[PDB]
Amino acid sequence: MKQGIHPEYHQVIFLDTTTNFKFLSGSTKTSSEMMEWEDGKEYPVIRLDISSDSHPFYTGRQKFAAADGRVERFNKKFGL
Amino acid sequence: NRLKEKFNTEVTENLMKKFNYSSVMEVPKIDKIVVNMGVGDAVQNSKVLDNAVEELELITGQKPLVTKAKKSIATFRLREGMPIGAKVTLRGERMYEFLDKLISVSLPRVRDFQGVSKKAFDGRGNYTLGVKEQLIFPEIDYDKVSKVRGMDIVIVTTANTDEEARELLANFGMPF
Amino acid sequence: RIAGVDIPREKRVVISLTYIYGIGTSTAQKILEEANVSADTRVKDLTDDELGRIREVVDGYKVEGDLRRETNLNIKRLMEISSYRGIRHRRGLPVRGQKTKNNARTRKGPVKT
Amino acid sequence: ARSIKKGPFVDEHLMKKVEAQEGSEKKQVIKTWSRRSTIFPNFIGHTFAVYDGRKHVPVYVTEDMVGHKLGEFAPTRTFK
RNA sequence: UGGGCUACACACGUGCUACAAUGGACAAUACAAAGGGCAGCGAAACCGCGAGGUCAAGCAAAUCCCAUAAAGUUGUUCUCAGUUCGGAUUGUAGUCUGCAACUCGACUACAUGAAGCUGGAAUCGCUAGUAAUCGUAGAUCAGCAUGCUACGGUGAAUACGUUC
């Protein structure tokens with residue numbers, strides 16, 4: 001790489017806060033908070049709302065049951 | 001190099017067993033990733049292209065090449081040589097870091113995400129993914145994004161066929 | 001950013017929650033009380049644990065893409081069954097028995113003189 | 001009527017006519033002027049010639065048509 | 001029996017609601033008039049967030065009920081934007097009347113959240129308890145009012161003058 005043209009870039013820990021799932025990768029975010037890695041050296045941590053281990057599509061988790069059919073809604077509404 | 005280690009260890013073995021490769025050198029690998037942003041409105045406002053270049057640089061980690069019009073087109077009011085795009089080529093460790101980040105941290109941030117097109121293969125083992133908004137990437141703050149614009153991510157692989165490319169990307173972890 | 005949609009940083013937490021699709025003032029208040037957070041406090045001046053509790057409460061409310069898809073499925077069902085409501089949805093006219101001789105702009109678009 | 005405590009409305013004559021020949025699989029077309037009759041699950045797969053004002057429009061009942069009125073599939077006015 | 005009178009590329013009249021800070025939301029707290037009620041008006045209580053439901057008191061009326069007026073006052077909050085304005089449209093879940101709310105009723109809850117930033121030419125009403133603004137009641141009526149007819153609360157500006 002050439003010198004002085006590329007932005008500052010360094011290893012960070014992306015931390016999915018929902019599942020408290022850490023994984024190390026490079027990025028230019030430069031977040032202040034530091035959390036120790038399995039390796040001794042700490043690196044800045046990036047808080048993550050969602051991730052591959054927390055997304056319903058990735059995990060297959062079904063948040064809500066499928067919509068009832070018309071016959072089923074008729075029956076459950078009218079008690080028959 | 002977590003993704004690279006996964007490729008060396010698990011993906012190599014899985015793919016080689018699945019496709020009966022007589023040698024490891026036949027195992028497909030991701031040759032490069034080219035992230036392109038076509039900014040045609042740079043014709044009307046160069047500051048748009050400047051912002052696009054800055055955002056692409058933040059996303060990728062390296063300065064983008066500014067791509068200029070190859071020919072003039074009257075309808076677009078485009079003159080040959082006018083800068084109308086940005087492009088970054090990623091290889092090696094930066095490529096792998098960007099790929100794992102795109103799979104894990106970035107893609108789920110897509111609004112109403114339901115996986116990526118499984119038919120978006122050129123027919124020769126290369127996959128192009130069209131992201132419709134830059135806000136997906138964790139490195140961009142929506143406050144500083146004057147305009148939202150997409151990107152084309154071309155994963156160029158050594159696979160000869162869409163089937164092998166699909167297997168490689170799925171093992172890496174691409175939704176479909 | 002809650003529910004995969006960013007919410008106004010300046011606004012108060014409840015009013016910012018309303019910006020989530022499928023969230024209205026009553027349900028923003030219910031979410032905020034279930035997850036013990038003060039209404040006055042702004043989202044920017046909000047604890048990380050408070051934000052996490054808010055996300056945990058919100059995730060189960062069936063909002064955003066899931067709600068949009070459910071509504072679209074209902075509309076498609078009534079269109080497909082060839083119902084009166086379906087025909088009027090297809091023709092872009094008022095569905096709930098309004099009068100179209102006048103005052104149907106919200107369904108018919110701008111005036112075409 | 002509409003209120004839940006009252007059962008879904010349907011003309012008694014229409015209901016008994018539909019129930020007739022229930023066992024036989026050679027179900028025929030039922031002429032009806034009862035646009036007001038509710039559609040029960042019993043109607044699925046049946047053909048009702050529903051009066052729309054001048055002629056009986058044929059309507060075939062499917063599962064998705066449960067809960068609607070027979071008039072919702074027999075338009076009365078003609079435009080263009 | 002069913003449909004239509006409720007159609008819908010459109011033009012005109014009359015109105016309701018708005019475009020916001022003299023405002024929106026939330027909390028507490030005052031003050032009217034004029035009317036109606038027989039198988040009609042329906043309190044109290046309990047059930048639901050609510051429309052309403054359960055039973056059921058009083059009353060053929062200066063007695064009981066419809067029926068707690070609202071604007072208003074005093075606080076908290078928002079803080080100048082298509083927004084905490086606006087509430088049209090649409091989905092789901094209900095309540096009531098009626099035999100029956102698809103064509104084609106009203107109302108409630110959750111969710112969505114369109115135009116609209118004070119309106120060209122032109123044009124209308126009003127001289128005081130008036131204009132403007134806030135609610136209340138009645139006829140028709142099983143149900144249905146932004147219409148009509150009545151009631152009161154707050155309550156202006158201005159009239160030099162008669163040439164046009």
Side-chain angles (χ1 to χ4, degrees), chain A residues 64 67-68 70 73-74 76-78, chain C residues 7-8 10-31 33 38-42 58 61-64 66-79 81-113, chain D residues 1-14 31-39 48-57 59 65 67-80:
Chain A
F64 307 96
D68 299 354
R70 297 293 292 179
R73 78 177 277 282
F74 201 93
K76 119 279 153 181
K77 142 158 38 56
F78 299 112
Chain C
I7 67 175
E10 286 295 279
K11 288 288 118 88
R12 306 210 320 275
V13 59
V14 70
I15 294 109
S16 318
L17 284 154
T18 64
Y19 283 81
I20 301 310
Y21 184 77
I23 301 299
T25 306
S26 78
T27 57
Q29 287 159 343
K30 276 148 49 54
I31 284 148
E33 67 197 60
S38 180
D40 291 87
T41 212
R42 275 85 209 292
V58 168
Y61 259 105
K62 202 281 195 63
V63 303
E64 290 288 350
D66 193 0
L67 184 60
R68 294 191 175 90
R69 179 170 54 264
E70 183 61 18
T71 59
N72 297 128
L73 288 169
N74 300 326
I75 298 168
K76 289 172 181 180
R77 177 191 59 80
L78 51 84
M79 289 165 53
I81 60 181
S82 83
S83 174
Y84 179 85
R85 300 163 64 190
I87 274 73
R88 296 206 80 78
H89 278 282
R90 287 206 292 269
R91 291 179 176 176
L93 300 173
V95 184
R96 304 182 180 182
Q98 293 85 331
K99 292 193 174 190
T100 55
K101 186 173 187 170
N102 294 278
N103 303 324
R105 300 284 151 252
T106 38
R107 290 259 63 198
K108 287 172 59 170
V111 186
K112 300 179 295 305
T113 176
Chain D
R2 168 164 178 73
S3 67
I4 299 303
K5 61 181 66 177
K6 286 180 282 184
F9 179 78
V10 52
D11 282 10
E12 60 184 1
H13 54 79
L14 180 66
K31 288 171 59 175
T32 185
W33 290 252
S34 307
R35 301 177 46 86
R36 52 168 162 169
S37 298
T38 312
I39 295 170
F48 297 98
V50 183
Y51 201 69
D52 71 341
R54 48 176 168 181
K55 62 186 183 301
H56 300 95
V57 181
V59 179
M65 291 167 57
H68 298 269
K69 305 305 185 67
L70 285 174
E72 300 193 23
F73 317 95
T76 57
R77 302 187 189 93
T78 307
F79 183 67
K80 303 299 183 183

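A note on names: the letters A, B, ... follow the listed sequences, proteins ahead of strands, and every chain is numbered from 1.
The base of E:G3 does not come close enough to the side chain of D:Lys55 for any donor and acceptor atom to sit less than 3.5 Å apart. Counting distance only, with no hydrogens placed and no angle test, the side-chain atoms of D:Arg36 and the base atoms of E:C102 include no donor-acceptor pair under 3.5 Å. Not a single donor-acceptor pair, N or O on each side, falls under 3.5 Å between the base of E:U89 and the side chain of C:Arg96.
Rounded to a whole angstrom, the distance from the P atom of E:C8 to that of E:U90 is 14 Å. As rounded to the nearest Å, E:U95 and E:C144 have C1' atoms that lie 15 Å from one another.
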Using a cut-off of under 3.5 Å, enumerate the N/O to N/O pairs linking the protein to nucleotides 107-110 of chain E.
from	atom 1	to	atom 2	distance (Å)
E:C110	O3'	C:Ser26	OG	3.0

Which protein N or O atoms sit under 3.5 Å from an N or O of nucleotides 86-88 of chain E?
from	atom 1	to	atom 2	distance (Å)
E:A88	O2'	C:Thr106	OG1	3.1

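With sequence neighbours excluded, the residues satisfying side chain to side chain contact (heavy atoms under 4.5 Å, CB included) with C:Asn74 are C:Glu70. Remark: D:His13 engages no residue in a ring-ring contact (aromatic ring centres under 6.0 Å, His included) (not counting sequence neighbours).
Distances were taken from every side-chain heavy atom of C:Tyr84 (C-beta onward) to each of E:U90, E:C8, E:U103; the shortest belongs to E:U103.
Within 4.0 Å (heavy atoms only), D:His68 reaches no atom of the nucleic acid at all. Within 4.0 Å of C:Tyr61, counting heavy atoms only, lies no atom of the nucleic acid at all. Note on D:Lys31: nothing from the nucleic acid sits closer than 4.0 angstrom, heavy atoms only. Nucleic acid contact class of D:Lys80 (heavy atoms, under 4.0 Å, all strands): none.
In this model, the phosphate group of E:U6 is not approached by any side-chain N or O of C:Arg88 to a distance below 4.0 Å at OP1 or OP2. Taking side-chain N and O atoms only, C:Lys99 has no distance below 4.0 Å to OP1 or OP2 of E:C8.
Among pairs with a residue in residues 10-25 of chain C, none fulfils side-chain hydrogen bond (donor to acceptor under 3.5 Å, both in side chains), at least two apart in sequence or across chains.
Taken as a pair, E:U54 and E:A45 qualify: Watson-Crick (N1-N3 plus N6-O4 or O6-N4) or G-U wobble (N1-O2 and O6-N3), both under 3.5 Å. Taken as a pair, E:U29 and E:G72 qualify: Watson-Crick (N1-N3 plus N6-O4 or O6-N4) or G-U wobble (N1-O2 and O6-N3), both under 3.5 Å. With both atom-pair distances required to fall under 3.5 Å, a Watson-Crick or G-U wobble pair links E:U92 to E:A109. No canonical Watson-Crick or G-U wobble pair links E:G94 to E:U89 with each of its two hydrogen-bond distances shorter than 3.5 Å.
Nucleotide E:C41 forms a Watson-Crick or G-U wobble pair with E:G58, both donor-acceptor distances falling under 3.5 Å. Across all strands shown, E:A34 forms no Watson-Crick or G-U wobble pair with both distances under 3.5 Å. Using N1 to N3 plus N6-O4 or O6-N4 for Watson-Crick, or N1-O2 and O6-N3 for G-U wobble, each under 3.5 Å, E:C49 pairs with nothing. Summarising the base pairing, E:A101 is matched to no nucleotide, lacking a Watson-Crick or G-U wobble pair whose two defining distances lie under 3.5 Å. Base pairing of E:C117: no nucleotide in any strand meets the Watson-Crick or G-U wobble criterion (both distances under 3.5 Å). The partner of E:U83 cannot be assigned: no Watson-Crick or G-U wobble pair with both contacts below 3.5 Å exists in any strand. Summarising the base pairing, E:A150 is matched to E:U136 through a Watson-Crick or G-U wobble pair whose two defining distances lie under 3.5 Å.
The side-chain heavy atoms of C:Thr100 and C:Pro94, taken from C-beta on, include a pair separated by under 4.5 Å.
Glycosidic conformation of E:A142: anti, with the torsion beyond 90° of 0.
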Sugar-phosphate or base contact per nucleotide [nucleotides 10-19 of chain E; S, B, -; heavy atom under 4.0 Å]: BBB-------

side-chain contact (heavy atoms from CB on, under 4.5 Å) evaluation trace for D:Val59 with D:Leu70: CA-CA 8 Å; D:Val59 179; D:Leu70 285 174; 5.5 Å; no

